[PDB]
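Enquirer: Got a structure for you, questions after.
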Amino acid sequence: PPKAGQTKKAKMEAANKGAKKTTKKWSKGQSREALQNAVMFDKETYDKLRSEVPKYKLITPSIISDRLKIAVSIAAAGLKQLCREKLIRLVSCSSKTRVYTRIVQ
Amino acid sequence: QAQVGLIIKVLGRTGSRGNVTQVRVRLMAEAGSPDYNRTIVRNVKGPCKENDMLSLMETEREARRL
Amino acid sequence: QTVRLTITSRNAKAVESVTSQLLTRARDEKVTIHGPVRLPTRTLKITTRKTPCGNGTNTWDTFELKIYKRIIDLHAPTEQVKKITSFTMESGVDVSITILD
Amino acid sequence: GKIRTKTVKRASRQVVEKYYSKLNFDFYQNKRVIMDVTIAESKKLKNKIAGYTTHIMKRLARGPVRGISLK
Amino acid sequence: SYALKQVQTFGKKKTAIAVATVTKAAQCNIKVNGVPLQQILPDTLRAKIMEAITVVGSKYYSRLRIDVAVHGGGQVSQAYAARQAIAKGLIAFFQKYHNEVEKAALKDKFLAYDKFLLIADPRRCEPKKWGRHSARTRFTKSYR
Amino acid sequence: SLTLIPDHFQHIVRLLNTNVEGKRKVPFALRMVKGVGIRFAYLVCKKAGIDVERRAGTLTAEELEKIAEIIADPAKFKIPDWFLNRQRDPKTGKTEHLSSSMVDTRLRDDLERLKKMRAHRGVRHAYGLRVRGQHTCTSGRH
Amino acid sequence: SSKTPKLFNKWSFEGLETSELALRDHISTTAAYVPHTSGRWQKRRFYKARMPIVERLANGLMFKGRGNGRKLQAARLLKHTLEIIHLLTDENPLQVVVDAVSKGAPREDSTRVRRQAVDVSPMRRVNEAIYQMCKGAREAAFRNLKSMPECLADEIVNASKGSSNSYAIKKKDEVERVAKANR
Amino acid sequence: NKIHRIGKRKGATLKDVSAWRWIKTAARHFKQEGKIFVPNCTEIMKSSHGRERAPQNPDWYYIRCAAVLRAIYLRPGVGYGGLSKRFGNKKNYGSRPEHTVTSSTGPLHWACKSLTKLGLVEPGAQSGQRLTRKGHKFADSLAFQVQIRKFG
RNA sequence: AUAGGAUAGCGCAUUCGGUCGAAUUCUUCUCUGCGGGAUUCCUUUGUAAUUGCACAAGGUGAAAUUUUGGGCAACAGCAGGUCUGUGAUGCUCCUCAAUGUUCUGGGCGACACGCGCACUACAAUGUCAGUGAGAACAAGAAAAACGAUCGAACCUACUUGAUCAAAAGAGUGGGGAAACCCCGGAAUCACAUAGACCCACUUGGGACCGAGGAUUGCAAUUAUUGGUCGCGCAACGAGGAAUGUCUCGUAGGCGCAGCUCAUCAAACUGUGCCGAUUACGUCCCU
Ligand SMILES: [K+]
Ligand SMILES: [K+]
Ligand SMILES: [K+]
Ligand SMILES: [Mg+2]
Ligand SMILES: [Mg+2]
Ligand SMILES: [Mg+2]
Ligand SMILES: [Mg+2]
Ligand SMILES: [Mg+2]
Ligand SMILES: [Mg+2]
Ligand SMILES: [Mg+2]
Ligand SMILES: [Mg+2]
Ligand SMILES: [Mg+2]
Ligand code: NA
Ligand code: NA
Ligand code: NA
């Protein structure tokens, strides 16, 4: 075995006692600002969804959340409602993803 | 901005690691042009074959033979 | 009364040099035969280390043992069947008598 | 890499010397002749011999070949 | 009475074997393991099995009932095995019950699109070797 | 849910002396209290009869009182014996379900009880070692 | 009765072409229904250039240990990406893909003895365009409310126009800028 | 157009329609009828110990019974062990590798008892669970309703 | 359809491995002991040839270059490992309070620490809760013992437990293994599931710890192993210098079996499933 030369038991003991914590953090990280997204609709936010969200060429739950500062869970819920009232039309659909667009005229 | 060149023949892998290929290209220009039917030797990065086209974007330099 | 003839051996050559003989002797006995079925060949696998001490590159030894099985079903009485089977087989081949109902 | 080793080349030179009249310019009919005029444990070597006997015959039609003696 | 017109073909993608029974019937009907074509999921694997029809045309499957039974393999290899058995079944039916000018035009159309529509893929899983975690990758080496 | 936010919505909800986030759904904000997990919080909402699709900030004062009763005494609301985290207390012998500061206080009692008898598990806890028969070599190391 | 295939039964391959004179022989516009084909495209050196370009896009999405081998999933991500591309550009998403590939990789690079500028072969221009676009979309969607098809569609649309908002175009500009300085 | 018969085709059976639509329409019919027996344990217990959470669907027992009935239709003579394989999953074991665990046969036993009470399942002669003639009629008739797009 | 798009059908309409129904016919799938088949075989106004040995592209083809993957593998050695495999062994050591051999208990696991190799992660190309379709290699029970030549050990299926959790516990039947398990319902995967979550150390991540209960064993304390509810405020948000393996059904991912095994796989040995990026080179580093 590579038994270190001139290494003491006191040298050993002082090595492990100083080996706790210290060296770490090999990544920069670059922290981000928190996203304050509302979990329920306000009166003015719900008014924007019924009026401003239509006549958008591309409509997506993640897009609407980025506009109205709301959660995607309720952003998707409002979009499903706007389809029930035929204000927007659904172009691509799956379990995980829905794409909507404005109606013609 | 870029001039298309057609690889006339491959002159062999150039340098160590063989990632660069020396090729002979013919400048693809209209008839009667100053660059028409003129030929230069160029270094190419990537897999290249005969009758392959490259956008040279500079046709004044000529690679040193190797 | 159907009699079942089961032949099994380690040797591929010997396992069917008795089925061919059993097939021939019964054809000389004019007894109707359901052809010899080649049952799937089962391989017994043992993989062990080559070394006796656990030193060096860990290399392994794959040992295989194949078993060949055949069955012949013939409509013949016990006495007639015993005539067909009453001959010298080779070493390492065992033939089993079975009556089906 | 598809070089005929000296075992294939020597045997295919022996076949041409002994059965030149029966041989031909095609692999498949020559391989049939190699099958019964040779004893070998391997079908692959008989296949490589038949390939080189045909190569010898195509060489013989153009001129004499060193290593082949036809009386 | 009318004589029965029937053929059988197989597809051999990986460990999946799909046997298609093509017979003359009143109405066209293709089912894979009893599931109709329109009910096969996902849509991407359904489009692959449907490629056994669209490359030649739906008119060549007019009065044919095809029952493909697929066993072995996985969901994707079963789809490629099933679509090959359907395509081979149409060629086999036209070979048996139609002239040679037909079924040679069909064969060219199938091969011009995908060779594996009619010819099985020879690729098979490569065995694992000792001292290796799979066919190729070796054990990790530490030099100190 | 396409329901407008009420004027009484609270971002922080007090329940059994702990702050509960009101933006979270009720079964997943009820697990912010000690002694209540995801499986227990769903059972509390069912016993309280409230909708699990609602946010926790919409819970009324009486609704919070109801769910606090079920958390405190779950067996009274027909929650089975095996669903609780103290089935037979080694000191009292009565089945209960600890919550909030009771989980921490009873855990300190457990360690202090083992330490006093000088059991092996108590000695490991006193030294700060692993107690479940684990190789402490090359482990921990903070 | 035979019909020309359309990708996901929606997008027609008729009229598909590359604006660049180069890469014409290295971008395949062969009609197909789905990106999923099981072919031995790696058997010959340049056989991958005959792979349909949407499938080469699908193969570029099967990266990292959690995306490795997921081709049906990548085909579904491309199904939604093309729909989002159509809404953004109002053109054929197949054409937008072809334009994004044609502009996504630098024409000149530097290598190596001293560093010098070298031309990039047409095969490597197509490979890098698919690689850099899928790489740029992957990192954009990593910790984001934006979905993967939405991040991928926004990347392909920007590269098709040549805008610097595309990861491939931004990477291409810096590679040629260095290559020009290494002449 | 979409619900119209293809041509020279009449009616529908099981495996002719979407499996999810049949199960969803069967579970709706089970709830509307109200005769099915629902155990009290389903309100607390998990569908299997492989799952780490209780089912999120309040009608999960109705869906499971509909799924079990379709499974018995496809594989007559199937027991609780066989249905456990169909409804199993891969369990998370923490920092240790994940393994496949079959579903608990208790809920499948309860589901088969509920369908037997409804007269849709008969304990098969010489082991297993089998559909009844009423159960086979119920499966195909409901499959026709889904194809017709009635959906209850 | 509670919003309901796209996707084959245009002489006899489909289903029904419990309808455990009969009869007839056959070998398309499956089983396999010997065979066949592929070799530079065929063609370039190709390279080379200035004889040749060959090579490169394409063709034929299931397969196109050691067909693919392994096994075997010379001669010279190493003071490499093993005297902990043997009733392989020379010399030497202990040899009746033994360095033999049994039995009891403990230890091999002990933790300021350093290193190799794995496992699980850091999440939305996701986590949960449902539903669908779906492999392959394999393993299964006992004596010159014990009971009346079989019968019990071994593996399972079905039912029950169940007039109410899991894990259990029981009863019946089958299997000496292509016969039962088994139509082998593996997990990646899929779902237009109109399902929940919505970017946060958070329903990510399960380390750590508490209480109940069951099973294996002669014995569970230093938790043997499952299952239930709690803890989760334990780090971890992609990893510095460095560094491993790999060319196509491959890497990576995903399970399954055998093996150790009374009980216990983060191991190895195989197995199949989903399945790519890149290169078709070079001698810059080793
Ligand atoms: K060796
Ligand atoms: K030697
Ligand atoms: K190692
Ligand atoms: Mg394998
Ligand atoms: Mg996980
Ligand atoms: Mg895990
Ligand atoms: Mg895992
Ligand atoms: Mg030497
Ligand atoms: Mg002892
Ligand atoms: Mg040890
Ligand atoms: Mg315990
Ligand atoms: Mg070990
Ligand atoms: Na994202
Ligand atoms: Na010795
Ligand atoms: Na070198």
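In the structure tokens, each chain is lettered A, B, ... as it comes, each chain's residues begin at 1, and ligands are numbered from 1 in order of appearance.
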Residues up to 12 Å from ligand 10, counting only C-alpha atoms (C1' of nucleotides) and all ligand atoms: could you list those as a ChimeraX atom specification?

Expert: /F:135 /I:107-109

Enquirer: Can you spit out the residues from that selection as a PDB file, in the first residue's frame, using N, CA and C atoms (P, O5', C5', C4', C3', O3' and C1' of nucleotides)?

Expert:
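Now in selection.pdb:
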```pdb
ATOM      1  N   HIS F 135     -23.624   0.761   8.187  1.00  0.00           N
ATOM      2  CA  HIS F 135     -22.181   0.969   8.197  1.00  0.00           C
ATOM      3  C   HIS F 135     -21.896   2.465   8.186  1.00  0.00           C
TER       4      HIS F 135
ATOM      5  P     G I 107     -20.625  -7.870  17.981  1.00  0.00           P
ATOM      6  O5'   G I 107     -19.213  -8.057  17.237  1.00  0.00           O
ATOM      7  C5'   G I 107     -18.152  -7.113  17.512  1.00  0.00           C
ATOM      8  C4'   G I 107     -16.878  -7.591  16.863  1.00  0.00           C
ATOM      9  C3'   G I 107     -16.840  -7.581  15.338  1.00  0.00           C
ATOM     10  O3'   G I 107     -16.668  -6.279  14.813  1.00  0.00           O
ATOM     11  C1'   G I 107     -15.922  -9.579  16.110  1.00  0.00           C
ATOM     12  P     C I 108     -17.690  -5.754  13.703  1.00  0.00           P
ATOM     13  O5'   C I 108     -17.074  -6.400  12.379  1.00  0.00           O
ATOM     14  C5'   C I 108     -15.717  -6.058  12.033  1.00  0.00           C
ATOM     15  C4'   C I 108     -15.105  -7.165  11.212  1.00  0.00           C
ATOM     16  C3'   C I 108     -15.604  -7.283   9.771  1.00  0.00           C
ATOM     17  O3'   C I 108     -14.914  -6.353   8.953  1.00  0.00           O
ATOM     18  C1'   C I 108     -15.356  -9.438  10.781  1.00  0.00           C
ATOM     19  P     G I 109     -15.614  -5.692   7.672  1.00  0.00           P
ATOM     20  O5'   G I 109     -16.982  -5.102   8.257  1.00  0.00           O
ATOM     21  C5'   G I 109     -16.959  -3.754   8.772  1.00  0.00           C
ATOM     22  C4'   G I 109     -18.361  -3.273   9.046  1.00  0.00           C
ATOM     23  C3'   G I 109     -18.542  -2.505  10.363  1.00  0.00           C
ATOM     24  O3'   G I 109     -19.147  -1.240  10.137  1.00  0.00           O
ATOM     25  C1'   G I 109     -20.223  -4.125  10.103  1.00  0.00           C
TER      26        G I 109
END
```

Enquirer: Hey, what's within 9 Å of residue 19 in chain C if we count only C-alpha atoms (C1' of nucleotides) and toss same-chain stuff fewer than 4 positions away? As a list in words, please?

Expert: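 What passes the distance filter is residues 7, 14, 15, 23, 24, 36, 70, 71 and 72 of chain C.
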
Enquirer: Find the residues around residue 21 in chain F up to 12 Å (only C-alpha atoms (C1' of nucleotides) counted), leave out those fewer than 6 positions away in its own chain, and share them as number ranges by chain.

Expert: A: 39; F: 9-15, 27-33, 55-59; I: 202

Enquirer: Counting only C-alpha atoms (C1' of nucleotides) and all ligand atoms, name the residues that have an atom within 10 Å of an atom of ligand 4; the answer should be given as a PyMOL selection string.

Expert: (chain E and resi 124-129+134-135) or (chain I and resi 136-137+249+270-272)

Enquirer: With a distance cut-off of 8 Å and only C-alpha atoms (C1' of nucleotides), select the neighbouring residues of residue 41 in chain G, excluding the residue or stretch itself and same-chain residues fewer than 4 positions from it, and output the selection as a list in words.

Expert: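 After dropping sequence-adjacent residues, the list is residues 47, 48 and 51 of chain G.
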
Enquirer: I need the chain B residues near chain I as a PyMOL selection string; criterion: at most 7 Å, counting only C-alpha atoms (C1' of nucleotides).

Expert: chain B and resi 16-19

Enquirer: Find the spatial neighbours of residue 33 in chain D, counting only C-alpha atoms (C1' of nucleotides), within a cut-off of 8 Å - ignore same-chain residues fewer than 4 positions away - and output them as an mmCIF file with C-alpha atoms, in the first residue's frame.

Expert:
```cif
data_model
loop_
_atom_site.group_PDB
_atom_site.id
_atom_site.type_symbol
_atom_site.label_atom_id
_atom_site.label_comp_id
_atom_site.auth_asym_id
_atom_site.auth_seq_id
_atom_site.Cartn_x
_atom_site.Cartn_y
_atom_site.Cartn_z
ATOM 1 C CA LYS D 22 -14.063 -30.237 -66.344
ATOM 2 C CA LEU D 23 -13.646 -26.678 -65.033
ATOM 3 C CA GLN D 29 -20.630 -25.178 -61.598
ATOM 4 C CA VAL D 37 -12.980 -34.228 -56.155
#
```

Enquirer: Considering only C-alpha atoms, extract the chain A residues located within 12 Å of chain E and return them as a ChimeraX atom specification.

Expert: /A:1-2,94

Enquirer: Counting only C-alpha atoms (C1' of nucleotides) and all ligand atoms, name the residues that have an atom within 10 Å of an atom of ligand 1; the answer should be given as JSON, numbers by chain.

Expert: {"C": [59], "I": [71, 72, 73]}

Enquirer: Enter the distance from CA of residue 27 in chain C to CA of residue 76 in chain C, in Å, rounded to one decimal.

Expert: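 So the answer is 11.7 Å.
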
Enquirer: Pick out the residues no farther than 12 Å from ligand 11, counting only C-alpha atoms (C1' of nucleotides) and all ligand atoms, and list them as a list in words.

Expert: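 Written in the requested form, the residues are residues 132 of chain F; 167, 210, 211, 212, 213, 214, 215, 220, 223, 224, 225, 226, 227, 228 and 229 of chain I.
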
Enquirer: Select the residues contacting ligand 6 at a distance of at most 6 Å, based on only C-alpha atoms (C1' of nucleotides) and all ligand atoms, then format the selection as a PDB file with N, CA and C atoms (P, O5', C5', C4', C3', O3' and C1' of nucleotides), in the first residue's frame.

Expert:
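Dumped everything to selection_9.pdb:
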```
ATOM      1  N   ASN H  92     -41.173   2.803  -6.418  1.00  0.00           N
ATOM      2  CA  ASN H  92     -39.959   3.593  -6.077  1.00  0.00           C
ATOM      3  C   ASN H  92     -39.453   3.098  -4.728  1.00  0.00           C
ATOM      4  N   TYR H  93     -38.230   2.576  -4.677  1.00  0.00           N
ATOM      5  CA  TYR H  93     -37.716   1.970  -3.424  1.00  0.00           C
ATOM      6  C   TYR H  93     -36.714   2.894  -2.775  1.00  0.00           C
ATOM      7  N   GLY H  94     -36.656   4.138  -3.232  1.00  0.00           N
ATOM      8  CA  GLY H  94     -35.774   5.123  -2.600  1.00  0.00           C
ATOM      9  C   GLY H  94     -34.471   5.258  -3.329  1.00  0.00           C
ATOM     10  N   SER H  95     -33.360   5.080  -2.618  1.00  0.00           N
ATOM     11  CA  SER H  95     -32.014   5.156  -3.225  1.00  0.00           C
ATOM     12  C   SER H  95     -31.640   3.780  -3.777  1.00  0.00           C
TER      13      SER H  95
ATOM     14  P     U I 120     -30.784   3.516  -9.837  1.00  0.00           P
ATOM     15  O5'   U I 120     -31.125   4.756  -8.885  1.00  0.00           O
ATOM     16  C5'   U I 120     -32.040   4.572  -7.786  1.00  0.00           C
ATOM     17  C4'   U I 120     -32.056   5.840  -6.974  1.00  0.00           C
ATOM     18  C3'   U I 120     -32.387   7.119  -7.743  1.00  0.00           C
ATOM     19  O3'   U I 120     -33.780   7.262  -7.974  1.00  0.00           O
ATOM     20  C1'   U I 120     -30.564   7.503  -6.292  1.00  0.00           C
TER      21        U I 120
END
```

Enquirer: Kindly compile the residues surrounding ligand 9 within 10 Å, counting only C-alpha atoms (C1' of nucleotides) and all ligand atoms, and format them as a PDB file with N, CA, C and O atoms (P, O5', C5', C4', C3', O3' and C1' of nucleotides), in the first residue's frame.

Expert:
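Output file part.pdb follows:
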```pdb
ATOM      1  P     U I 102     -14.819 -28.672  14.243  1.00  0.00           P
ATOM      2  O5'   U I 102     -15.756 -29.400  15.299  1.00  0.00           O
ATOM      3  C5'   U I 102     -16.896 -28.742  15.812  1.00  0.00           C
ATOM      4  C4'   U I 102     -17.135 -29.076  17.258  1.00  0.00           C
ATOM      5  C3'   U I 102     -17.947 -28.049  18.019  1.00  0.00           C
ATOM      6  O3'   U I 102     -19.329 -28.181  17.773  1.00  0.00           O
ATOM      7  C1'   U I 102     -16.081 -28.701  19.312  1.00  0.00           C
ATOM      8  P     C I 103     -20.180 -26.929  17.257  1.00  0.00           P
ATOM      9  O5'   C I 103     -20.695 -26.266  18.606  1.00  0.00           O
ATOM     10  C5'   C I 103     -21.169 -27.087  19.661  1.00  0.00           C
ATOM     11  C4'   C I 103     -21.068 -26.401  20.997  1.00  0.00           C
ATOM     12  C3'   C I 103     -21.379 -24.919  21.015  1.00  0.00           C
ATOM     13  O3'   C I 103     -22.766 -24.645  20.988  1.00  0.00           O
ATOM     14  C1'   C I 103     -19.446 -25.342  22.304  1.00  0.00           C
ATOM     15  P     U I 104     -23.294 -23.256  20.389  1.00  0.00           P
ATOM     16  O5'   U I 104     -22.949 -22.194  21.524  1.00  0.00           O
ATOM     17  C5'   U I 104     -23.522 -22.304  22.817  1.00  0.00           C
ATOM     18  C4'   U I 104     -23.067 -21.194  23.728  1.00  0.00           C
ATOM     19  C3'   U I 104     -23.008 -19.805  23.123  1.00  0.00           C
ATOM     20  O3'   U I 104     -24.274 -19.187  23.005  1.00  0.00           O
ATOM     21  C1'   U I 104     -21.058 -20.189  24.383  1.00  0.00           C
ATOM     22  P     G I 105     -24.546 -18.160  21.803  1.00  0.00           P
ATOM     23  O5'   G I 105     -23.630 -16.908  22.158  1.00  0.00           O
ATOM     24  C5'   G I 105     -23.898 -16.122  23.306  1.00  0.00           C
ATOM     25  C4'   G I 105     -22.811 -15.109  23.564  1.00  0.00           C
ATOM     26  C3'   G I 105     -22.426 -14.210  22.405  1.00  0.00           C
ATOM     27  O3'   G I 105     -23.351 -13.174  22.141  1.00  0.00           O
ATOM     28  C1'   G I 105     -20.477 -14.983  23.454  1.00  0.00           C
ATOM     29  P     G I 106     -23.482 -12.605  20.646  1.00  0.00           P
ATOM     30  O5'   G I 106     -22.148 -11.760  20.436  1.00  0.00           O
ATOM     31  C5'   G I 106     -21.882 -10.613  21.227  1.00  0.00           C
ATOM     32  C4'   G I 106     -20.440 -10.178  21.128  1.00  0.00           C
ATOM     33  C3'   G I 106     -19.970  -9.665  19.780  1.00  0.00           C
ATOM     34  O3'   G I 106     -20.379  -8.342  19.497  1.00  0.00           O
ATOM     35  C1'   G I 106     -18.368 -11.149  20.638  1.00  0.00           C
TER      36        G I 106
END
```
